[PDB]
Amino acid sequence: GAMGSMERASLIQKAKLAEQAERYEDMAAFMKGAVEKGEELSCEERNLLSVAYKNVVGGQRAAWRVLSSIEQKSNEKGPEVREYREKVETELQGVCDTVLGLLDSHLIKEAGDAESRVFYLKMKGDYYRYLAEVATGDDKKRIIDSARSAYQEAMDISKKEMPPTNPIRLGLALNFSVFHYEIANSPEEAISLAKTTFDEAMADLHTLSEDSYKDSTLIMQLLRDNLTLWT
Amino acid sequence: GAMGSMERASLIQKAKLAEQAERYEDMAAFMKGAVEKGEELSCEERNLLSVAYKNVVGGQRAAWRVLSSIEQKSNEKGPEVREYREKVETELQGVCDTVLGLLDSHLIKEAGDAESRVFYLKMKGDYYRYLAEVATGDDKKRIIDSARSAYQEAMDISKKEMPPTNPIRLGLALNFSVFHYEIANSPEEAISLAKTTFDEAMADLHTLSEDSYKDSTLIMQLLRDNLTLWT
Amino acid sequence: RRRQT
Amino acid sequence: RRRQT
Ligand SMILES: N=C(N)c1cc(-c2ccccc2)c(CNC(=O)c2cccc3c2OCC3)s1
Ligand SMILES: N=C(N)c1cc(-c2ccccc2)c(CNC(=O)c2cccc3c2OCC3)s1
Ligand SMILES: N=C(N)c1cc(-c2ccccc2)c(CNC(=O)c2cccc3c2OCC3)s1
Ligand SMILES: N=C(N)c1cc(-c2ccccc2)c(CNC(=O)c2cccc3c2OCC3)s1
Ligand SMILES: [Cl-]
Ligand SMILES: [Cl-]
Ligand SMILES: [Mg+2]
Ligand SMILES: [Mg+2]
Ligand SMILES: [Mg+2]
Ligand SMILES: [Mg+2]
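Header annotation of the entry names X-ray crystallography as the structure determination method and lists the resolution as 1.80 Å.

As annotated in the PDB entry, chain A carries the name 14-3-3 protein sigma and comes from Homo sapiens. The title given to this PDB entry is "Ternary complex of 14-3-3 sigma, p27pT198 phosphopeptide, and WQ162". In its Sequence similarities section, UniProt records this for chain A: "Belongs to the 14-3-3 family."

Laid out in structure tokens, this is it:
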């Protein structure tokens, strides 16, 4: 529960309907239910899980940034801005803890294939990164290092087992690079990773079918966009 | 509860923060809490209430339309599309019932001024209209006639007590016109109302300050847009 | 284009 | 413009 009584296949089907309806909270609940059935997830199913929670936490993060900016200006008016920022922050942390919980129980340990393990370690990095965005206390450092460790293990596996154009490998590198830039205060590390990733993918585009070429160049453009912003 | 322990002023302040954060479900909950304090609402507060629930129910209606189109194509695949459309529909009906509940207990009866009473009767028309959009059974006709009656009483008061450029009067006419067009199958009534409303506002623009002129012409443009679509 | 309210 | 992920 609350999805325990619904068939796995029905949960997947309803996740896809919720995505078309832009009902991302429903989508994430359906995909959480699907994960909790205990079977491995397919590539499409992993993508559904990731898209759902990305959109849920994306809205929360966007709201948090608005409120944090207002709170900061108000410290340059009562407890209300801090209270409401804290409310959003707590909900955001709960979503991150839920996702990390699914990964730890038991998606990562049951992921035999390199491609599946890389996918989930990348998600682990992302959700510790979102926790780091709002962390201020004694656990900020532990959270940052946990994100780095998850990302780096994913990079190590992706480099041995995936080609440099693989879109999951490219999305991992994109996000690890952003982690370096704005979480770890390592902008040269961020720029170096985005550049090497872009160039190594460029050099293997010649090996791709028309479909794979489109997949790869879509994510390479994001790397270029960040290099453009950062240099 | 769940907002009963928060100060009225704090609820209003947090509604305005939620709007800036695009957290419309929070905004609607805060404004529901403010209404439930039992005091009349100011113009700004009425606008906050209306904007919050408009955005909440707007997302639900948009989702419902997507799912209903998918359901209809699937009847030209199991129970899942119908189940999930019904889930969204039920949540939508609950929001409409909540708003109508606030209006009946006790916003409308406590609204002394014409401007306040018109505002709330217009909202009553809108939320019965949203119920009519999804109604299929024995109560569709009762719901449609209830929307018409609320809109018409609002029109009667607005014509006696408000100038033809008043933006609440114009928004009422806009929505009553859409009701006629797509709920009541009365497109000529819809076109006639939009046209007379537009022309009567045009003829009183000469009386307006620069600020009031902007307020009025903003809503007149919506009337023109619908006339353009409909003729 | 969708009618406006 | 905001960096992309
Ligand atoms: N319902 C969905 N959203 C998806 C279903 C499948 C799918 C996978 C395998 C088989 C069938 C479908 C997807 C594969 N990912 C993409 O296309 C994609 C495109 C652009 C950017 C990103 C992407 O992924 C994360 C970042 S996304
Ligand atoms: N080995 C590969 N290159 C892929 C195999 C499959 C696959 C398809 C069907 C069934 C099983 C696997 C792929 C499906 N596309 C994606 O996942 C995808 C596509 C575009 C952009 C992004 C994507 O992911 C994150 C970003 S890409
Ligand atoms: N926080 C908010 N959203 C608002 C606060 C006030 C306000 C009122 C009085 C005093 C102070 C503020 C508002 C007045 N309505 C508008 O401007 C408006 C503009 C365009 C279209 C529509 C509008 O209303 C419904 C349809 S909206
Ligand atoms: N009598 C009037 N003409 C108004 C008096 C006040 C008012 C202001 C402060 C305090 C009390 C009342 C107004 C505040 N603007 C709105 O409500 C408004 C503005 C633009 C567009 C729309 C609006 O509402 C729905 C659509 S308009
Ligand atoms: Cl709060
Ligand atoms: Cl359902
Ligand atoms: Mg089963
Ligand atoms: Mg906190
Ligand atoms: Mg009090
Ligand atoms: Mg129903």
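Peer 1: So, the relation of the copies chain A and chain B: which residues are in play, and what are the values?
Peer 2: Rotating chain A by 180° and moving it 0.0 Å along the rotation axis overlays it on chain B with an RMSD of 0.0 Å. Between the two chains, the operation in question is that of a two-fold axis. Nearest to the rotation axis, the C-alpha of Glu25 of chain A is located 6.2 Å from it, this being the minimum over chain A. In this assembly the copies share their binding face: 100% of the residues contributing to the interface of chain A also contribute to that of chain B.

Peer 1: If you had to explain the packing of aromatic side chains to someone new, which residues and values would you point to?
Peer 2: What the rule picks out here adds up to 14 aromatic pairs over all chains. Consider the rings of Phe119 of chain A and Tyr120 of chain A, whose centres lie 6.1 Å apart with planes at 70°: the pair is edge-to-face. Ring centres of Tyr181 of chain B and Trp230 of chain B lie 4.3 Å apart, and the angle between their planes is 5°; this geometry places the pair in the stacked category. Linking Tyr181 of chain B in helix α7 (residues 167-183) with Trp230 of chain B in helix α9 (residues 210-230), this pair joins segments that are 49 residues apart in sequence.

Peer 1: Residue-level account of the site of ligand 2, with values.
Peer 2: Residues and elements named next belong to chain A. The full set of residues close to ligand 2 is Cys43, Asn47, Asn166, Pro167, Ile168 and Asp215. For ligand 2, the protein covers 46% of the area, taking 570 Å² as the surface of the free molecule. Elements that contribute at least two residues to the shell around ligand 2 include exactly α3 (43-73) and α7 (167-183). A breakdown of the residues in the shell around ligand 2 according to their chemical character gives three nonpolar, two polar and one charged.

Peer 1: Tell me what's going on with the environment of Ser158 of chain A, and back it up with residues and numbers.
Peer 2: All names here are of chain A. Relative to the helices and strands, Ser158 resides in helix α6 (residues 140-161). For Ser158, a relative accessible area of 0% translates into the label buried. Taking the C-alpha atoms as reference points, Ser158 and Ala135, separated by 23 residues in sequence, lie 29 Å from one another.

Peer 1: Give a detailed account of the site of ligand 4, specifying residues and quantitative values.
Peer 2: Residues and elements named next belong to chain B. Around ligand 4 lies a shell formed by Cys43, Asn47, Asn166, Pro167, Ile168 and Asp215. Secondary structure elements with two or more residues in the shell around ligand 4: α3 (43-73) and α7. Grouping the amino acids of the shell around ligand 4 by side-chain chemistry returns three nonpolar, two polar and one charged.

Peer 1: Describe the pattern of salt bridges, and please don't skip the residues or the numbers.
Peer 2: If charged atoms from side chains of opposite charge come close, those side chains can pair. All names here are of chain B. Under the counting rule described, the total for this entry stands at 32 salt bridges over all chains. We note a salt bridge from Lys32 to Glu36, for which the minimum N-O separation is 2.6 Å. Residue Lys32 and its partner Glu36 are both found in helix α2 (residues 24-36); the two are separated by four residues, about one turn of the helix. Overall, the relative accessible area of 26% leaves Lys32 in the partly exposed class.

Peer 1: Break down the nonpolar core for me, with residues and values.
Peer 2: In this structure, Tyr120 and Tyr127 of chain A together with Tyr120 and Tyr127 of chain B are the most contacted members of the largest nonpolar core, which totals 126 residues. Beyond its immediate stretch of four places on either side in the chain, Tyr127 of chain A contacts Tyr53, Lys54, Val57, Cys96, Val99 and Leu100 of chain A.

Peer 1: With reference to specific residues and values, describe the packing of helix α5 (residues 114-134) of chain A against α7 of chain A.
Peer 2: All names here are of chain A. Closest axis-to-axis distance for the α5/α7 pair is 10 Å, and the angle between their directions is 25°. Here α7 runs roughly parallel to α5, going by the angle between their axes. When the axes of α5 and α7 are compared, the crossing they make is left-handed. Facing α5, whose interface residues are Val118, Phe119, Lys122, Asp126, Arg129, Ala132 and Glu133, α7 presents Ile168, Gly171, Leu172, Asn175, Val178, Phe179, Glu182 and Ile183.

The rules behind the values
Residues numbered from 1 in each chain as written, not as in the entry; some residues may be left out. Chains lettered and ligands numbered in written order. Heavy atoms only, no water. Residues with missing side-chain atoms left out of burial classes, pairs and counts. UniProt positions renumbered as here; feature names shortened; annotations may be inferred. Least-squares fit on C-alpha atoms. Contact = heavy atoms within 4.5 Å. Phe/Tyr/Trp six-rings, centres within 6.5 Å; stacked < 30°, edge-to-face > 60°. Helix = DSSP H or I, 4+ residues; strand = E, 2+ residues; numbered from the N terminus. Near = heavy atom within 4 Å. Areas by Shrake-Rupley, 256 points an atom, 1.4 Å probe, with all protein chains shown as cover. Nonpolar A, V, L, I, M, F, W, Y, C, P; charged D, E, K, R; others polar. Buried < 20%, exposed > 50% of the residue type's maximum accessible area, 1.4 Å probe, protein only. Salt bridge = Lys/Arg side-chain N within 4 Å of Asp/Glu carboxyl O. Core = buried A, V, L, I, M, F, W, Y, C linked by side-chain atoms within 4.5 Å. Axes fitted to C-alpha atoms, helices over the stretch in contact; angles between N-to-C directions. Parallel < 35°, antiparallel > 145°, perpendicular 65-115°, else oblique. Left-handed = near helix turned anticlockwise from the far one by under 90°.

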